[PDB]
Protein chains: 4
Amino acid sequence: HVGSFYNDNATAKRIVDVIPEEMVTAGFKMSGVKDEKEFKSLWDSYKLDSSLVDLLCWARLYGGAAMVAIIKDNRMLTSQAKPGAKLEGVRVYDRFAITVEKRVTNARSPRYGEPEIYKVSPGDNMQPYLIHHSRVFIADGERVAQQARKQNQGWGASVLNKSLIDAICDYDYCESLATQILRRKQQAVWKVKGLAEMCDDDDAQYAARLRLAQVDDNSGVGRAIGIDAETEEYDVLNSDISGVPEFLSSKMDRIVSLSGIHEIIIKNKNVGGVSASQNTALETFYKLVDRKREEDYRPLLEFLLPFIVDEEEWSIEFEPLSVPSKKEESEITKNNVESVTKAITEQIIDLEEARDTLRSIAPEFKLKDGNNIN
Amino acid sequence: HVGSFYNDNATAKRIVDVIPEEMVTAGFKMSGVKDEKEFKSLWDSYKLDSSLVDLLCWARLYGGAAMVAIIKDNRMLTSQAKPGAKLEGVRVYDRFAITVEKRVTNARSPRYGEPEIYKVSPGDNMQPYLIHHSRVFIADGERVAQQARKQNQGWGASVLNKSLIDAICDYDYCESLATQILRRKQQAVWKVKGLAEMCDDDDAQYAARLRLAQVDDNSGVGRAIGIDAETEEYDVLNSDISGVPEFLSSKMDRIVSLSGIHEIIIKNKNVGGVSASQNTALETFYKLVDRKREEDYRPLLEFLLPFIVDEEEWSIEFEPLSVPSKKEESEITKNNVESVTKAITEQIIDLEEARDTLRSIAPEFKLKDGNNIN
Amino acid sequence: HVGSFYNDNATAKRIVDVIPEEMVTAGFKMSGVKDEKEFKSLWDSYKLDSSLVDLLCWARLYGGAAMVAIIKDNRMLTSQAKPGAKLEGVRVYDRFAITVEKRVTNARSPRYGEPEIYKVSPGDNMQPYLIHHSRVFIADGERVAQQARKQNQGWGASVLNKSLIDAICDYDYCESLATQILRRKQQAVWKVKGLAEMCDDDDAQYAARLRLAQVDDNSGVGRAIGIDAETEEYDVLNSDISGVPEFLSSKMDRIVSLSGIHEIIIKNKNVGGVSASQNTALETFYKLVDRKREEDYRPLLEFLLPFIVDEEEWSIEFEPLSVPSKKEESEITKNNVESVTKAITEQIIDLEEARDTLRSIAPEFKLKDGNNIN
Amino acid sequence: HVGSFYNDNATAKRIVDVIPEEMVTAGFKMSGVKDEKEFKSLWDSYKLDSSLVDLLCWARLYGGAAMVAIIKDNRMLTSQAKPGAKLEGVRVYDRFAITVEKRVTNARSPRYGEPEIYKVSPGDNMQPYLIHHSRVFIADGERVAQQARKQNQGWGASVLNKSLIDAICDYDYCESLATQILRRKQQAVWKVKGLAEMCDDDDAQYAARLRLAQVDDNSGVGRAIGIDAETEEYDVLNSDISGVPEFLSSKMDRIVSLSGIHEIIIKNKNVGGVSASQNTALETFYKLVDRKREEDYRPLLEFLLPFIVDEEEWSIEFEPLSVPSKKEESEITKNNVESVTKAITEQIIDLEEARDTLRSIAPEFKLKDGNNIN
């Protein structure tokens, strides 16, 4: 069961939860709507951030998840949701809590074989309640071969496959072995002529062990032991610890290679390379996050938006993860403003187009609505 | 069977799926159409991203795949599809699910010997349904010699050839051996005078083994063992771990060399080289992705587009993989604007051509349709 | 046979197919034609990319190949192809599928001894069909001495000569030896007094081997073995792994030296040298690719074009392999525009010549046809 | 025989063929002709590239070669070729296929003792046909002392002298020895008390060898062997591999020194030195190629041209091997244009001379014929 491994291990938890939070925190930007501040207020009214993050995390962990949208359509759950309603809230679920009841049986239809009505078992104390497929969004995990997908009742695979679990367990075992190797570096062996002639439970053994304990407690550098010759000796056996840290670093490097995430994120320790600018070492992680958002986050937004946004025409543009410093921002604004001003001269751009370009390219300027100036 | 190896190993999965996602995520740009935003909305309506990615992944994994386009031509599946239909959806398949029924028998025809009607077995519960070759696109994998291609019923080879599988198994075995070598670094051997005079199952062996377990549990540095002389000894044997990490790194380097992908992608660890600018290390991977997109992604788009785009004349231009930073973009726009403005002076370029040049070269400017200005 | 070696080995496959794809992907540019977009559409209609790449790959692999052009001359295959037809398609073939029937017997003719009619055996199920030499293009492989060329029935040699195969096999053997050397680093030898007085198949040997297996399974650091003195000993023999990775790297360096391709392409691992600009390390590979285009790719285009391009006058100019970044492109355009503008002043360049220079030097500008401006 | 060595060895093949291809690919430029595009079309009509490359390669390999020019002179082969004919094609030959029949016997003539008529044996099935010396070009190989030249029937020496062959064979033998040294690093010797008391062919030897094979197959780290004491032992003998790669690199360095070609070309591996600009390391090779072209390629062109070019006055200028990048080209053009413009001012250069200077210095400008402007 992956739940216990996710709970106990911190590395697995970071691997599972590092991507969805990074994707969701950046946010999204929509163009084509008339009122932008009103839309922002409407979106922040629903406060669906935690539900989205939990849905993505469960989809990555278990291999599947789903979200049920509660709507004010004034009809049955089985009945289709007509356009026009404005949503009341969402309910995230787990992979094992949803099963299909009926599916399409029309061969000529392009949507043939896909589910039509889901049971949606809520667990806890409630009873299952069927829902039309137009009100349920199915999020799939990692891609799996179709033959194994059929055995997985049409659900994807999990991020924590066999290789990652084996690597993490191997690293933990190697760390334990390293501690044990450090523990036994010197051993002092004490030999006596007659020592097997004891009852093994009488006062003689007790006294001998107490004496040995006190002697090894009080000895060291600057203190000596008096040994009786011709009946007793004292020897010390040494060892070494040569290349343990490099071994552990190599095993952690294997974990980093298998996980699919940059070493800076997993090891959470810079200085591994020379001091670069900043984002240069994180460009690979940023590319991975952009690919992941384009693959997973966009369908969820395109499913949720038609039930919130009134306008029929809209599009989603994702904000960049990497933002420049304030000085670079000022230089960029100055360059854009000078370019627009040069465009204004020689009369090739007109005032209205230049004003729109200034409004869009440079959001720092607080332009007033309308191109009528004074 | 390559399915189990693909499922279990993370490295093989990354090798298979790293390229198609990189190709598809970047996207494509078409020129020559009248409406750009309308075409974008129409393309995003079909949401064929997952089908394309799965088709390319299956083509790289199994060696072959195909996609069936469901079209609204209003006739039999065997009949040819006339221009004018506007598509309803797609359906990807696997290599083993499609076989040929009849082929061309006209010697003088240039398309002689090619398939004409495919069986298209859908598996599951449905029955095979023949389809004309004009509605089926065949995606081929890696290039194979013709003699072996005939034995492969006219299908390509797989990315996971024998060498890659051997290298991956060898690396896993070497890592296991490295762990075993770390495990046995010190051995403590205990000798007794009379030890073979035991019943091998009586209480004496139990007591001796319990004593040995307790003694090796409680020993270490700062603790001593009392040994009876002239009947018993205690020795420790050591070993070393000198060049294991370099050996493992060399084996991983062989895997990287055989795979055909840059070490940054596979090892997923920068710092291997000195801190460069950014894309300088990834130029080889970008060139590989560009070659792969030109070889594979373009035919799929040229097959899908005629059933979507109404205009007869069009062309596909692929977006670059590497994009500059915002400051560099501002400088580029400034330079282009300055050049266009200098072209306007001395009256060698005319206002209209400069306006189209500004519209094309610099997408940031929101020029208004028409060259009539005010 | 080279087919099995090409199929099994990934390094040989990369060596064979790295050049032709690089040459074909870059493309070609033609000057002197009236309509450029119409020519581009006509060329992309035939989609002869795969056939060209396969022809070049087979020529490099086997030593020879040929391509047959299907023309609309409306005469016999033996009869000459009259200029004016506009092609239907091509069929690529293999070296062993073509043999000569009749050749020139006129001593005074400069084309004396060359083939006249080829049999062209299509294999599969079809029958041989003779073709005039004006419709068949013969692609030759690596250059060979004439004496060996005669024994090779007038065909070139292969890229995979004896030295390359020997080097690859030697490298594989050395890697196997390296794995075997890592495998045997420590050995534990167990000695018993009365060990040869056994029936070799009875219960005693079974019990002894089970005991040995369990003991070596449960031993390690922190675990001890009890040994009976005066009748049994336990020893450990060690070894070392000092310079294996350097040996393997040297063998791979020999393979790189013999192959004739840059180490970045074959080893597919940067960081080998210090971080350079980019193309600086790849200039040698680019020069080799350019020479290969000028040697092999140009004759194929000069053979195919007369059956496509209507105009009698044309020339082929190859696009550069290395392209600058966008910022460098903007700077280049700015410099060129400044130079043209300075040429306009002082009235030494004329308006029409300057407009043509701007049209050719800077494709980015979308100049309108005609020099009449407004 | 040098043919087998050239065929089998890749290094010898590269040494022989690296120079002629580099010389021919760059091309030549002629000045003084009226029509340049017509001359280019005429030159590309004959397509004599492969013949030139083969002639130079054979001259470097065997020590001598020749080229026979087929001319439309409408007289006997023995008769001299009058000026005016326009060539039909060429035929390259080999050193052993040509022998002299008659030579000059006039002492006072400066061309005394030189050949007059060559036999020209075509080999194959044709018969020898004498040709006047005005239609045969003789290409000589490496310079040789006159005493040895007389014994070589007036032909030069070969590039592959004794030293290069010895060095290559020594390097191959050293590589084989290195592989053999890696092979035998550890040896395990097994001793038994009674082992010579066997029939050497009975079942006992078979059983012993099978047991030994299985034991050495199943042993390693983590597995032990049970040895019977007082009748049998087990020992392992080690070795080392200390400085083999440096030895091999030194031998390859000797090969590079003897060959006469830069180490970058032969070793085909950069990174040997620190990252330079680009051509800085290749300047020596470029100087060698310029010397070789000036020594060998020019006479061939000066022999072929009078039978193609109609104009009596012409000269050949060789294009440089090293070309600057596009940005450097733009800067060069800007500097040249500004210099010409400054020359125009103060009226010291006149318009016509400046226009000619712009036409020649900067070929990017498409100047119109005539200096009449408008």
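Nothing in this text is a laboratory measurement; each read-out follows from the coordinates by a stated rule. Quick reminder, even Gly has a Cβ in these numbers, built from the backbone with ideal geometry, and neighbours come from all protein chains shown.
Miscellaneous remarks
- Filtered residue count, the range D:353-374, keeping only those that are facing another protein chain (nearest Cβ under 7 Å) and not aliphatic (A, V, I, L, M): 6
- Residue within the range A:200-215 that is in contact with a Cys (Cβ under 7 Å, 6 or more places away or on another chain), more than 18 Å from residue B:218 (Cα to Cα) and not in a loop (DSSP other than H, G, I, E, B) present: no
- Scoring residue C:49 on the criteria (1) within 11 Å of another protein chain (Cβ to nearest Cβ); (2) of a type outside the set (A, V, I, L, M, F, W, C); (3) under 28 Å from residue C:256 (Cα atoms) leaves a single failure, condition (3).
- All positions within the range B:321-342 that are in contact (Cβ under 8 Å) with a residue 24 or more places away in the chain and either under 23 Å from the mean Cα position of the chain (by Cα) or over 29 Å from residue B:280 (Cα atoms) (or both): B:321, B:322
- Residue count for the range C:77-125, restricted to those that are in a loop (DSSP other than H, G, I, E, B) and either surrounded by 12 or more Cβ atoms within 10 Å (Cβ to Cβ) or free of Cβ contacts under 8 Å to residues at least 60 places away in the same chain (or both): 30
- Residues in the range B:34-60 that are within 30 Å of residue A:315 (Cα to Cα), of a type in the set (A, V, I, L, M, F, W, C) and surrounded by 16 or more Cβ atoms within 10 Å (Cβ to Cβ): B:39, B:43, B:48, B:52, B:53, B:55, B:56, B:57.
- All told, residue D:221 meets the bar of being touching a strand residue (DSSP E or B) at 6+ places or on another chain (Cβ under 8 Å), closer than 30 Å to residue C:248 by Cβ and either of a type outside the set (A, V, I, L, M, F, W, C) or within 12 Å of another protein chain (Cβ to nearest Cβ) (or both).
- Restricting the range A:128-146 to residues that are within 14 Å of chain B (Cβ to nearest Cβ) and out of contact with any helix residue (DSSP H, G or I) (no Cβ under 6 Å at 6 or more places or on another chain), the residue that is nearest to residue A:304 (Cα to Cα): A:138
- Taking each residue of the range B:5-16 that is closer than 19 Å to residue B:262 by Cβ and more than 8 Å from chain A (Cβ to nearest Cβ) and looking for partners that are of a type in the set (A, V, I, L, M) and part of a helix (DSSP H, G or I) with beta-carbon atoms closer than 7 Å, six or more apart or interchain, yields B:12/B:168; B:16/B:61.
- Residues (closer than 26 Å to residue C:183 by Cα, within 9 Å of chain C (Cβ to nearest Cβ) and either touching a residue at least 40 places away in the same chain (Cβ under 8 Å) or of a type in the set (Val, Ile, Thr) (or both)) located in the range B:245-287: B:247, B:251, B:254, B:256, B:258, B:259
- Single residue of the range A:305-344 satisfying the filter (among the aliphatic types (A, V, I, L, M), outside any helix (DSSP H, G or I) and touching a strand residue (DSSP E or B) at 6+ places or on another chain (Cβ under 8 Å)) that is farthest from residue B:355 (Cα to Cα): A:309
- Scanning the range B:245-266 for residues that are surrounded by 20 or more Cβ atoms within 10 Å (Cβ to Cβ) and more than 25 Å from residue C:168 (Cα to Cα) yields a count of 1.
- Residues in the range C:224-236 that are buried (at least 16 other Cβ atoms within 10 Å of the Cβ) and either basic (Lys, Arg) or more than 7 Å from chain B (Cβ to nearest Cβ) (or both): C:232, C:233.
- Residue in the range C:244-256 that is within 30 Å of residue C:138 (Cβ to Cβ) and not in a loop (DSSP other than H, G, I, E, B) present: no
- If only residues of the range D:17-26 that are of a type outside the set (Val, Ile, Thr) and in contact (Cβ under 8 Å) with a residue 60 or more places away in the chain are counted, the one that is nearest to residue D:171 (Cα to Cα) is D:22.
- In the range B:303-310 there is no residue matching the filter, namely being at the interface with chain C (Cβ under 9 Å from one of its Cβ atoms), farther than 30 Å from residue C:234 by Cβ and surrounded by fewer than 18 Cβ atoms within 10 Å (Cβ to Cβ).
Okay, residues lined up against (1) under 30 Å from residue B:230 (Cα atoms); (2) surrounded by 20 or more Cβ atoms within 10 Å (Cβ to Cβ); (3) over 33 Å from the mean Cα position of the chain (by Cα):
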| residue | (1), (2), (3) |
| --- | --- |
| B:149 | no, no, no |
| B:161 | no, no, no |
| B:167 | no, yes, no |
| B:170 | no, no, no |
| B:176 | no, no, no |
| B:179 | no, no, no |
| B:185 | yes, yes, yes |
| B:192 | yes, no, yes |
| B:197 | yes, no, yes |
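- From C:194, C:154, residue being at the interface with chain D (Cβ under 9 Å from one of its Cβ atoms) and either outside any helix (DSSP H, G or I) or hydrophobic (A, V, I, L, M, F, W, C) (or both): C:194
- Counting the residues of the range D:274-298 that are surrounded by fewer than 11 Cβ atoms within 10 Å (Cβ to Cβ) and either assigned to a loop (DSSP other than H, G, I, E, B) or of a type in the set (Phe, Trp, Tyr) (or both) gives 3.
- Filter result for residue B:350 (touching a residue at least 24 places away in the same chain (Cβ under 8 Å) and either of a type outside the set (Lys, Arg) or facing chain A (nearest Cβ under 10 Å) (or both)): no
- Taking residues in the range B:49-75 that are part of a helix (DSSP H, G or I), and partners anywhere that are among the acidic types (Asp, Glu), the pairs with Cβ atoms closer than 6 Å and at least 6 places apart or on different chains are B:57/B:17.
- Among the residues making up the range C:317-340, those that are more than 10 Å from chain D (Cβ to nearest Cβ) and touching a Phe, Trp or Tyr at 6+ places or on another chain (Cβ under 8 Å) are C:317, C:318, C:319, C:321.
- Qualifying residue in the range C:309-321 (condition: β-branched (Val, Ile, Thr) and either in contact with a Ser or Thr (Cβ under 8 Å, 6 or more places away or on another chain) or closer than 30 Å to residue B:348 by Cβ (or both)): no
- Restricting A:219, A:163 to those that are of a type in the set (S, T, N, Q) and within 30 Å of residue B:181 (Cβ to Cβ) reduces the list to A:163.
- When B:107, B:97 are checked against the criterion of being in contact with a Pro (Cβ under 8 Å, 6 or more places away or on another chain) and of a type outside the set (D, E, K, R), B:97 stands alone in meeting it.
- Consider the range A:126-137 and keep the residues that are in a loop (DSSP other than H, G, I, E, B) and of a type in the set (A, V, I, L, M). The one that is farthest from residue A:72 (Cα to Cα) is A:126.
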